[PDB]
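A short write-up of the structure that comes next.
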Amino acid sequence: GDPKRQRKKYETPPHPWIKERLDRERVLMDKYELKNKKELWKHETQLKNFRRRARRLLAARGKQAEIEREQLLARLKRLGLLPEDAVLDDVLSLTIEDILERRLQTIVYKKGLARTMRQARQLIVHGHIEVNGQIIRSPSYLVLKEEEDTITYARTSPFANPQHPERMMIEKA
Amino acid sequence: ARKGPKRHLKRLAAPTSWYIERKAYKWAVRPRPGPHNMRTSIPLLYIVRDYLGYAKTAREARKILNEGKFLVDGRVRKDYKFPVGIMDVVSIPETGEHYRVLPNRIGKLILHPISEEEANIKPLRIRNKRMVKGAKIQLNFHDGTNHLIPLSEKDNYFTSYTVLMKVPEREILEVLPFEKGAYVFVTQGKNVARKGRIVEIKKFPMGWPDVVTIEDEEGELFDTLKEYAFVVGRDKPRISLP
Amino acid sequence: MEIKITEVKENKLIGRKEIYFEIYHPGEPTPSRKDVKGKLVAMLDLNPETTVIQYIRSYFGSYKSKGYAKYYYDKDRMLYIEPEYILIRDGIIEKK
RNA sequence: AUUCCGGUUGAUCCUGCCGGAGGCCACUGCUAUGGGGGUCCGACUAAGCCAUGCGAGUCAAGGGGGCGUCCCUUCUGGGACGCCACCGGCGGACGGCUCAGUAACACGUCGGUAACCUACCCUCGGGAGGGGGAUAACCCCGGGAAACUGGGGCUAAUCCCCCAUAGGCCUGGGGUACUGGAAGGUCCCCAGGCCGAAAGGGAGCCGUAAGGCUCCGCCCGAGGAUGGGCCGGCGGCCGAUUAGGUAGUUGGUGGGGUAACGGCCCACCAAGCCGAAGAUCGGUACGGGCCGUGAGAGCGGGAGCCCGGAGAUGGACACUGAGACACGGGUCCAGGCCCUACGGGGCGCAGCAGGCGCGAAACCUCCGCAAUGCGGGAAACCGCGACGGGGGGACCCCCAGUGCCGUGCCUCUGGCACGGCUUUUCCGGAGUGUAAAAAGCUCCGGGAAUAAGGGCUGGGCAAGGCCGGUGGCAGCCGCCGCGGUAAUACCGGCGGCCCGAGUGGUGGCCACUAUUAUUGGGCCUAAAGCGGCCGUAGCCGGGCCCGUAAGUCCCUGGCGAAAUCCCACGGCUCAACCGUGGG
Ligand SMILES: [Mg+2]
Ligand SMILES: [Mg+2]
Ligand SMILES: [Mg+2]
Ligand SMILES: [Mg+2]
Ligand SMILES: [Mg+2]
Ligand SMILES: [Mg+2]
Ligand SMILES: [Mg+2]
Ligand SMILES: [Mg+2]
Ligand SMILES: [Mg+2]
Ligand SMILES: [Mg+2]
Ligand SMILES: [Mg+2]
Ligand SMILES: [Mg+2]
Ligand SMILES: [Mg+2]
Ligand SMILES: [Mg+2]
Ligand SMILES: [Mg+2]
Ligand SMILES: [Mg+2]
Ligand SMILES: [Mg+2]
Ligand SMILES: [Mg+2]
Ligand SMILES: [Mg+2]
Ligand SMILES: [Mg+2]
Ligand SMILES: [Mg+2]
Ligand SMILES: [Mg+2]
Ligand SMILES: [Mg+2]
C-alpha cells in the first residue's frame, strides 16, 4: 500500500463565499487580532474535536468508555475551559470564544501586561514574556490554568524595570 | 533470502519482547543461535548497554565483555550476540549483584534482583526424554541443554517436571512433579506472569495440546496451555518471584 | 554563573565517575569549557588532568545549561577508553 | 454541515442529464523573508544505451620467504623490531537496486512433515595412534602488440593422500527399554555386507632441566537453536460477439530418481479427470500490512516505509560450496558495442554520483567510518556509496515575520505630521554545538531599519449602475449568456472583494448522485413487463408434538508481527515529531 503522509490539522469552509459566515468571522478576526483565517480555522477544529468526542461517549458503554470519559473531563478542566464540578453534558455548550480566550496573546492583554492586543502580540514575539520561568514566543499557545498566575515580564527584558518609558505608559491605563 | 541465510535485522522487525526504541536507528543486533529461542531471549549487548546502563556505546560495551565481567549461569560469556533468556541468572561479581530474567505482565523481559544464596540454582523444565546408546536416558530441557541419567532412575522423571540444577557444576538437587496442588508460573500467552496452583488437567484427540486450570491467591480460576505452565514449587515457590 | 550538581554515579567496571550538572546564568553567554572544568575541579577537589567534559548544552528560552562530565582514576585507562576526538576537543592531547 | 444552487416554457409542475461549490494526487503560469520535523524527489514513456571513480574484505597467535633497523658475540651467526607479497583459513548466497514476467499454493491466514536438509552457536557423552607427498613464494631462461602464459631448480604448513580404530548406511531374525493422540522412529542381542574421522596444532608464564598451568583451537555421536524446502483447508479481478476441455491426461500395480513425499519420470493395466455454482481460452496486473474520499453503508488506489515473490541485455546450461545454477564468478547461441601490430582479445550501472536518449515530467562526478550494524580477528583494531553528515529542489506537515505606543489632522476602516519604544527577522563579533564543519541555541554592538503577491469584480457567488477606448469587429464565455456607436459582462484607469508566502491553469479518483439504489431507485401516458402459456436447476414456502444440535446466540483457551489509527501523561520553547501505558 502506501506509507504515512502527514495531514493538515484544520478544516476549510465548504463554500468560500457565504455572506453570514463572512460577517461572523470578520467580527472575530478583528476583535482578537489574528493574522489570517487559517489561524481561526485551527481553533475551530479543536472545538469540533472535543464535541465529536463527547457525542461518541454519551452513546457508549463498557470499561474503556468510562476511562475515556473521565480523561476527557480531566483534560477539559485542566485547560481552564470547565469548572471543576462540570459533567459531560456541559461539553456540548462550549463556544469558539471560550477557546480564543485561552490564547497567550489574549491572556497577556487581560492581565494588564500590554495596552492592546497588537502590542501583546509583539511583546510575545520579541521575547519579553515568560511563563513559569520559561520564555515562549508563540502567540497562539494555549495556557493551562495551573500556570496562569506565573506569567510575567522576562527577568532579562528591558520592560522588567518599573522606570522604563514604555512600561510606564502601559501602567497608565 | 533468495540464495541463503539472513544475517541482518531491521529495528522495525525486531521481536516484540525487547525494550528497545524502534525508530531511533535502522539496524538491530541479530542474535546468534544458542540456548533459548527468539521469542524468549535477548542479546547480551542490550542487557549491558540499554538495560543496566554500564556503557554508552557498543564499542565500550564490547571492552567490558572481553575482560570477563559478566557471568550467565556462572560461566563467562564474551559474545555480544549471545542470547539470555527466561529463568537465566546474570551475575556481576565485581559489583556483587545478581538478577533473574523474567517476563513482565505485558510480556516483555525484565531483570529481577535476587540474593546470592538463590543465585546458585536454576530451574529447568523437562521438555523431552529419550533413550541413548548404552541404554541410558537423556533429558532435554526447556533451554536446550541436556543431561544423562541411568536406567535405574528412569521412573523419577517425566515431561513437564521441573529439575532444580546447581550452576555452574550442573548437579541435580531437587525434582518437582507436575500434579494437582503444584505451584506454577505462566510464561507466555494472555495470562503471562500470573501464578498459582494447579486444579485440573484436560486432554483432546488428534494432537491438539492439553490445557490446565489454575487458581490464584484471590480465588480466581484461569486456564492456559500445559506447556506454558512452569512448575516452581510443591505448595510454595522455591525461588523469588515478583 | 552558578553550578549545581544533580547526580554523581560510580562505575566500577569502567573505573570512572559520571557527573551531571546544571549552570544558571541569566544575562550571560554560555560558559566556556575551561571555566566549567576549573569550577568543577575546585568544587570536587579532583585532579584536572584526568577530567573530561562530554558536553555543555543550552536550550531555547532558558537561563540555564545542562552539562555532562566524566572523571577517571587513572590516565592509562582514560587514554584506553575514550575516543581520540573527545580528548582533542577538550585540550587533553594535541592533534597530529 | 446526514445541505444544495444555474440551465428545456410567453408562464407552470415533472422526468432527466450537463455545469457550479469540497478534498487529495501528477504537470504547469506568475510571485516568494525565516526556522523546525519527516518514512519526499528518472515510479508513469525506454527492464533503453552507458566514458571515468568508488560500492567486499580481513587474519603476522596457521606457514616458509624478501627488505630495513638495533643488541651479543660476530670471519659465520643468533636475536629482537617493523614492513611487503605469496601459500593457507573464514567471508563474498547477506546487505543495496528495480517491478519485466506471473491469475499461480505467488500472496494472507490456520494447520502439517511419523516424508526432509542446515557451516557459524549452546549443552552433555567420547577421541586425537602410525606413515607418505607435492607445490606457490624465491633462483635461471623466457614467449606474445596486448589479454595472458611455458620449461628447469629448491621449500613449509592448521595444505594434500594412505593404514588402523571409533563411527555411518542397507537387509534378514529375535527382545519389548522411550516419546507420543497414534510408530515404516529411538534402545538391546545375533547374522551378511558396503562406506569410513581427526591439527595435541598455535601463544604466554613457572620451568636449570624435567614437565605443568592457563588462552585459542581439531574429529565423532545425541539433542536444541538459527535459516530454509515441501504439503493441505479457507480468502481476494474483468469478458459468453470465448461452450465444451484434457490423452502422462485421472487413478491403480511394479520400479527409478531426489535431502525428502509425489505422474516428478518410466514399464504395464484401466477409462477416468474438469465444466453454465462458468471449465477452457483471451484481457489486465507483482501480493499484503496499508492509503485517498465519504455521516455511514460504500466506491477507488496499491511507487517511496516493513514483511513475502521474482530479475540482472533476450534464451538455454554447468563448476565450487553448508547454502547459487551466483548483479561487481564461468560456457554456448542471438543482438549491440570497444581495442588490435590484423594473428587475436574484451564489455552490458534495474549499486552511489555523473552523461546521452525519451518525454509534460525528476538533484552533487561532495565529507566520514565518530553513531547504528555486518564480515574478519584471541584482542587492540581494519573495511563498508549499507548507514550517518551536509549540497540542489514552491515534496508534505508545524511555528513565525514584513513593526508597536501616545497626541493631533484628514475622505476618520485607513492616510499623513510630530514624540517615544522594541529587534523575532537583517549586518558584524565571543561561546556552545559537530568526526571536522555548516545550521541551531545563549550573550554583545548597530538600526524601522532588510521583506507582498495571485486571482476575481452581470447571475450561480463575496465585491462598481464610475470614467476613457472598440463598435456583430476585436474579444469574453466550466454553464446560462455578453458584444449591432449611450457595453455595470470585451481592453485600460481609479475604486472594491477573497485568500495570503502563496495564488491561478490542465488532466485523474472520491463526493455531489437515491444518475447503480443491501440500507435505498424505477417500468399506464416520460427510458423500461418477454405476443401468450407449460415446465428443469435455483430462490421462497401452512398448523401442532417429539428428537438432534449443522446455522444462530453466550462464556472461555491459542492466534491474526512492527510501523500506521484514537486517548491520557511525560521529552525536545509549545507544536509537528519521539517515548511509557490503555484501546
Ligand atoms: Mg506494493
Ligand atoms: Mg418541454
Ligand atoms: Mg523509486
Ligand atoms: Mg528507466
Ligand atoms: Mg543476493
Ligand atoms: Mg507489469
Ligand atoms: Mg579410514
Ligand atoms: Mg492488485
Ligand atoms: Mg543522478
Ligand atoms: Mg516534478
Ligand atoms: Mg476592469
Ligand atoms: Mg452579491
Ligand atoms: Mg455531476
Ligand atoms: Mg430515477
Ligand atoms: Mg405482456
Ligand atoms: Mg409489450
Ligand atoms: Mg411455470
Ligand atoms: Mg412453517
Ligand atoms: Mg451450532
Ligand atoms: Mg500490528
Ligand atoms: Mg519543555
Ligand atoms: Mg504535549
Ligand atoms: Mg511512538
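To find a chain, count down the sequence lines: A is the first, B the second, and so on, and within it residues start at 1.
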Answer yes or no for B:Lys226 and B:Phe178: cation-pi contact, defined as NZ/CZ to six-membered ring centre under 6.0 Å and angle to ring axis within 45°.
yes
Please verify, for D:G254 and D:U513, whether Watson-Crick or G-U wobble pairing holds with both distances under 3.5 Å?
no
Taking the minimum atom-to-atom distance to the side chain of B:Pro5, which one of D:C120, D:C122, D:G323 wins?
D:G323
Taking a pair as Watson-Crick or G-U wobble with both distances under 3.5 Å, which nucleotide is matched to D:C530?
none
Taking a pair to be Watson-Crick (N1-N3 plus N6-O4 or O6-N4) or G-U wobble (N1-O2 and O6-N3), each under 3.5 Å, are D:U155 and D:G192 paired?
no
Of the listed D:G95, D:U293, D:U422, the closest approach to the A:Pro158 side chain comes from D:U422
If a pair means Watson-Crick or G-U wobble with both distances below 3.5 Å, are D:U519 and D:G471 one?
no
My understanding is that a pair needs two contacts under 3.5 Å, Watson-Crick or G-U wobble. By that rule, which nucleotide pairs with D:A550?
none
Identified pairing partner of D:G239, criterion: Watson-Crick or G-U wobble below 3.5 Å
D:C281
Side chain of A:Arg75 only, heavy atoms from C-beta on: which candidate in D:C569, D:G500, D:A448 is closest?
D:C569
Presence of donor-acceptor pair under 3.5 Å, side chain of A:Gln6 and base of D:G38
no
State whether D:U423 pairs with D:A312, counting either Watson-Crick geometry (purine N1 to pyrimidine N3 plus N6-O4 or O6-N4) or a G-U wobble (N1-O2 and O6-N3), each distance below 3.5 Å.
no
Tell me which nucleotide, if any, is Watson-Crick or G-U wobble paired with D:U556 when both distances must be under 3.5 Å.
none
If D:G53 has a Watson-Crick or G-U wobble mate with both distances under 3.5 Å, name it; if not, just say none.
D:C352
Check: D:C399 base within 3.5 Å donor-acceptor of A:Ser138 side chain:
no
Indicate whether the side chain of A:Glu33 and that of A:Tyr109 have a donor and an acceptor atom separated by less than 3.5 Å.
no
Suppose we define a pair by two distances each less than 3.5 Å, Watson-Crick or G-U wobble; what does D:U442 pair with here?
D:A430
One should read off an interatomic distance between B:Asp50 CG and B:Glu21 CD, to the nearest 0.5 angstrom, of 8.5 Å
Considering only D:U226, D:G96, D:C188, which nucleotide approaches the side chain of B:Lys133 most closely?
D:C188
Please check: side-chain N/O of B:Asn66 versus main-chain N/O of B:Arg62, any donor-acceptor pairing under 3.5 Å?
yes
Picking from D:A436, D:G557, D:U226, the nucleotide nearest the side-chain atoms of B:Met38 would be D:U226
Among D:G500, D:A448, D:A177, which nucleotide has an atom closest to any side-chain atom of A:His126?
D:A448
Evaluate D:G57 against D:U253 for Watson-Crick or G-U wobble pairing; both distances have to be shorter than 3.5 Å.
no
Paired with D:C5 by Watson-Crick or G-U wobble geometry, both distances under 3.5 Å: which nucleotide is it?
D:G19
Answer yes or no for B:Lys129 and B:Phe158: cation-pi contact, defined as NZ/CZ to six-membered ring centre under 6.0 Å and angle to ring axis within 45°.
yes
Choose from D:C497, D:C461, D:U372 the nucleotide whose nearest atom is closest to any side-chain atom of A:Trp17.
D:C461
Mind checking who D:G167 pairs with, Watson-Crick or G-U wobble, both distances under 3.5 Å?
D:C195
Of the listed nucleotides (D:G22, D:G373, D:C578), which one gets closest to any side-chain atom of B:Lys23?
D:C578
Side chain of B:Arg130 only, heavy atoms from C-beta on: which candidate in D:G223, D:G373, D:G433 is closest?
D:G223
Hey, which of these two, B:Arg22 or A:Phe50, hits RNA chain D nearer its 5' end, going by closest nucleotide?
B:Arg22
What orientation do A:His126 and A:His128 show, parallel under 30°, tilted 30 to 60°, or perpendicular over 60°?
tilted
Base-pairing result for D:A439 and D:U8, Watson-Crick or G-U at under 3.5 Å:
no
Of the options D:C327, D:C306, D:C567, whose atoms approach the side-chain atoms of B:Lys10 most closely?
D:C306
So, are D:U402 and D:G375 a pair, meaning Watson-Crick or G-U wobble with each of the two distances under 3.5 Å?
no
If a pair has to be Watson-Crick or G-U wobble with both distances under 3.5 Å, does that hold for D:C384 and D:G373?
yes
